[PDB]
Structure formats: structure tokens, C-alpha cells
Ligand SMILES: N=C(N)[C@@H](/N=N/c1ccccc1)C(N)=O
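Below you'll find only one chain, the form solved without the named molecule, shown as C-alpha cells.
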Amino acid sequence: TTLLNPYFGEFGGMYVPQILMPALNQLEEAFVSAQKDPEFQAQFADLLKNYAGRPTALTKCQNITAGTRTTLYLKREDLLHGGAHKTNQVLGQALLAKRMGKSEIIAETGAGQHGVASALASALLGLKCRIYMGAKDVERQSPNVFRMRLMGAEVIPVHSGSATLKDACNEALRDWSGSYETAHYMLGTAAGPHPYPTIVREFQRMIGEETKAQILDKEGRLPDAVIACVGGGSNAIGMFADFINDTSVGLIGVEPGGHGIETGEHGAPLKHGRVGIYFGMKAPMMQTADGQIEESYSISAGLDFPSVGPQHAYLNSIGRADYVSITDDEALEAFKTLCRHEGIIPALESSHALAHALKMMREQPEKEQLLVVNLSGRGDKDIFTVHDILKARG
């Protein structure tokens, strides 16, 4: 039994071993209680404003659309403390952990952004933080590992399975099954077993609420579409949530196309996978014919995961949101274009969203359209990646 609906249509659920169910039920109860608690909301709002820097800018990008009928705004989650939108929800989850009387935080990370976000929230709020990270990701992300340690977190490499993000995800769940009385599991995206897809949406929904107020102030109407990249789904659902009931507003999620959908080297399960059960949820996933979970690929580690949150699968199934993909090359071109034309270095994750907005403009340059791209993060962290590709390419 639960207080809230664990499903979005057929997607979602609580597919965990029995021993984890009390943990999920306790968290769901604390969340429902927190959401009715003005003091909790005020605490969360205070941290978002005074510590993380909200509200974030909405920037009109003139150079990049010049000579077309597209008006492009960027929601500047790249200006949030920590350099990505992840900070919003880690602060909320850290507050929930404290509401439950917990003293410890467990988190998974692939790209290492979520590990850093978890660590910084733990440092601020006096929680003891431990982070799981696939050994392959550890080796790839030495800067992030060092940041996590500076902020006083423990980083635990994971060598099971494929030694990457899904394996870190499994290990976090393994630890929590033993530790939940004292430790909160700070899941890093809008996926996993209920109640996490619902909590993370609600702790990211200020992105879309601000965007709506800002676009109304600046343009006197709603956007024609809001565009966000989809790795597990948190930034995109945070941008989309407040627009779901504005039926004229398009909701476009961009999955990573990798080397191209046809190569099989991508991370686009919503459009190119099939429904399965993994990570506590029924959701689209990249899988072998016989139902093993596949390895995903993207240039951007932040998008590199073989599944996606269940609310996105649901919004797609009913035709409320549309999902597309952008390849590594398309993302890299958008990254370069934004640096040169607007003086903003975007995350390679966010570059996928921008690339699709650029495609919308370029394909139909005389179409009048008012677009918002969620610029989920900044791309200082990507300059080595980008340097190395450009060099190889000649």
C-alpha cells in the first residue's frame, strides 16, 4: 500500500526486494508530510535562494537566431551553485533526510556531478556522505572524485557487473537495504522505484515555474516549446512539470543518439529501447533480445544510462511530450556555436537540447517560434573531452 500512486500509466512501480520496501514507504511518508509543511518549504526555499542562487536567469540568445523567426531563450541552470540543476533536488533530499532524523547520505554517480552535488549538500547540512561510482567512471572522472573528497565525502568504487553507472545504482540500493534506519539514499535522477521519480520532479519543478513567470514577463505569452536533454529525466521533468497542463506548450525531451541510433551506440531507450524492469521501475530500457540490460553510450557521461524515468515514458505514450535524439556530433556543434555566438560554455548534456532547438530553427527558418532550452549545466567540465575530439578530428 502507498500514499501516492507509484505508477505513471503502466510505467514506474516499486520493483525492489522485499527488505527495501519499508525504506521506500518511510521516505514516501516523510515526503508527503514535508510537502504539507510550510516550515519545510520555507527552509527549502531559503537554501535555494541564498545558497544555490535561485532564481536563475532566463537569457535571450540573439546572435544564434539572427536572420530566422526563432526566438530562443536559455534557462540558466548553468548558473546554479555547483554548475548544474542537480543542486536543486539534492538540497530537498538532504532536508528530507534530516526530517526523518537521518545523519548519513548514500548516493550513486556516473559523470560524478551527482556525487559532487550530494557531497556539497551533505557538507552544508552536516550529513555524512558516501558515494558509489563504477570503477570505470572513477578512472574517467578524477576531477570529480577530488571535489567529492574536498567536501568530505567518501567515494567507493564499484567493480561488479559492468563497473559503470547502473552498477553503482545497484550498489547504492544494496547498501541502503542494510542502512536505511540511519542513512538516506539520495537518488540522482527522476527514476528508480517510487517515490523517487515523484520526489525528484517536485524538487526540480521550480525550473519550469520560474521559466513560466520569466517568459510571461518578457514575452507576454507561453513558449511554443520547452526543450530539455534526458539522461535519467530530472532536468527535463523539472522544466516540463509546470507546463504539463498548458496544452499548447510543446514538451520536447532529447535523448543522446551517440554515434547514431543505427550504430546501437546511443542512450535513447525511450524511442529505441523496450519496456522492461530494472532499477526498481518498469520503464523503457536498452536490452538484449534475451532481457539483459545493455550498455548505453553518449559523448556526455551525464546522459549515458540505458533507461529513463517512468514519467517520461508515460508522457510520451499519451502524446503529451515528444522525444527525439541528437548525436555526439550534433551536440559538439551546438557546444561550439554557443561558445562563439553567446559566450556561454554549455554542458555537453545541455548541448543536446540546444542542438535540437538549433535544428528546429534551421530546418524551418521562417517559422515563427518561441523556444526555451533548459541549459541544465555549464561545460567547463567538458573542455578536455571537447579538446580531445577536435584534435583527433583534425
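What we label the rigid core is the largest C-alpha set whose atoms superpose within 1.5 Å from one form to the other. The numbering used is simple: start at 1 and walk along the sequence shown.
From this point on, the text means the form solved in complex with the named molecule, which you will not see here.
Heavy atoms within 4.5 Å of the named molecule in the deposited bound form are found in one stretch of 316 to 324, 98 to 106, 274 to 282, 245 to 253, which is 274 to 282. Taken together, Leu332, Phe335 and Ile389 are entirely out of contact with the named molecule in the deposited bound form: none brings a heavy atom within 4.5 Å. By the criterion of a heavy atom within 4.5 Å, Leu173 is counted among the residues contacting the named molecule in the deposited bound form. Contact check for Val16: a heavy atom falls within 4.5 Å of the named molecule in the deposited bound form. Taking the partner from the other structure, the named molecule in the deposited bound form has a heavy atom within 4.5 Å of a heavy atom of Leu187. The named molecule in the deposited bound form comes within 4.5 Å of no heavy atom belonging to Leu371. Of all the residues from 186 to 200, those having a non-hydrogen atom no more than 4.5 Å from the named molecule in the deposited bound form are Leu187, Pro193, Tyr196.
Core superposition between the shown form and the other one leaves every listed residue (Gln214, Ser162, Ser177, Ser317) with a C-alpha shift below 2 angstroms except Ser162. Superposition of the core reveals a Cα shift of 2 Å or more for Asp137 between the shown form and the other one.
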